[PDB]
């Protein structure tokens, strides 16, 4: 059908307030993880994570506007505005019906819900903000962005935990391929660092508790890994039909050539040991892209630093790629960023596109002692300049919900 290319990108991450600042940090192997300052966690088993430092919402919205919206929505609008600016696209009466939005979130407005809950229990239902529902529901990034830029195309929001940003980009690409849109702003945002978030993941024993060295906590495939690090932020891409992009002389970063999905149908928080669902998902993406496994050069892994997850992903890549599994480079940027949950797939799509632009595999930092069977090129410690024609981005979410995107040099 129609070809889909990336013409714009935007991001808020624990490493930077835009794409170039974040990417510089990635190629330098810098950690974005620090003790959390914005709340007292002295009573929690995990007291660190990946915060956006120095976010100024006034750069994007008025203070009245902003004060109605949970931070996840603010982060999502920031990444979305950056990406549209970056594309150089001009929204007119001639194209506004052909431009949609698919910005998702894993948990949404947990901070707002928590603060309205306080008011409700202390002071009863009349203390709840009139803006509580519209400022908290996950689809209000899509809603607010469409209103602010006059975007009248397909308008929706995915919520698939770690897979959110990957689903959001894949399904936006489907809309453009199908003819439902010529442009889509797609990605995700997350800000789940509130009591209920840290407490909730902590009560599941899902989080690293390495409070003494937060920068060493996220260590994907390392034998001393002890759970993921919770991080905040946002990613947005401008996806565009190829002839549309060429016609306005847009700068094309890369092509989005494949999108795959699968379900494990195994467990809610644990993968099959052999990562069978992840293998089906990657194969589905490669088949959608018309690619053979041997054509893959770089994988931006799910690699969240969990005991069961990290090794299941190695098993899946070995199953899919056979002997080529030792030729390709695979890295987890979560070594540096931690796990941005609903934003993870968006920021990792951007890192996959920039790997193609800069011909460099970002490192897996903290990979001091690779665990049994973790004997691939995991780009340990330092970035590796190398040939990259094809980059995959994997997301394996709670519920066993899997998604894989395939990018290619244009």
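Numbering follows the first chain given and starts at 1. So that the term is clear: the rigid core is the largest set of C-alpha atoms that superpose within 1.5 Å between two forms.
> Line up the rigid core: which moves more in 4 other deposited structures of this protein, 150-158 or 119-127, by C-alpha RMS?
Most displaced of the pair in 4 other deposited structures of this protein: 119-127.
> When the Cα temperature factors in the entry are averaged, is it 78-86 or 114-122 that ends up higher?
Per the PDB entry, the higher value belongs to 114-122.
> State which stretch shows the higher mean Cα B factor in the entry: 147-155 or 126-134.
For C-alpha atoms only, the mean B-factor is higher in 126-134.
> Per the entry's Cα B factor values, which of 313, 222, 232, 212 stands out as the maximum?
Checking the PDB record, the top C-alpha B-factor among 313, 222, 232, 212 is at 212.
> Sorting 245, 99, 281, 172 by Cα temperature factor from the record, which one lands on top?
The C-alpha B-factor peaks, among 245, 99, 281, 172, at 245.
> Residue 321's Cα B-factor: lowest, middle or highest third of the chain?
According to the entry, residue 321 has a C-alpha B-factor in the chain's middle third.
> Rank-wise, by C-alpha B-factor, drop residue 54 into the lowest, middle or highest third of its chain.
Tercile = highest for this residue's CA B-factor.
> Would you check the entry's CA temperature factor for residue 183 and let me know if it's in the chain's lowest, middle or highest third?
Middle third of the chain for residue 183's C-alpha B-factor.
> Should residue 339 be placed in the lowest, middle or highest third of its chain by the C-alpha B factor in the entry?
Lowest third of the chain for residue 339's C-alpha B-factor.
> Within this chain's modelled residues, let me know which third the CA B factor of residue 250 belongs to: lowest, middle or highest.
Residue 250: CA B-factor falls in the highest third of its chain.
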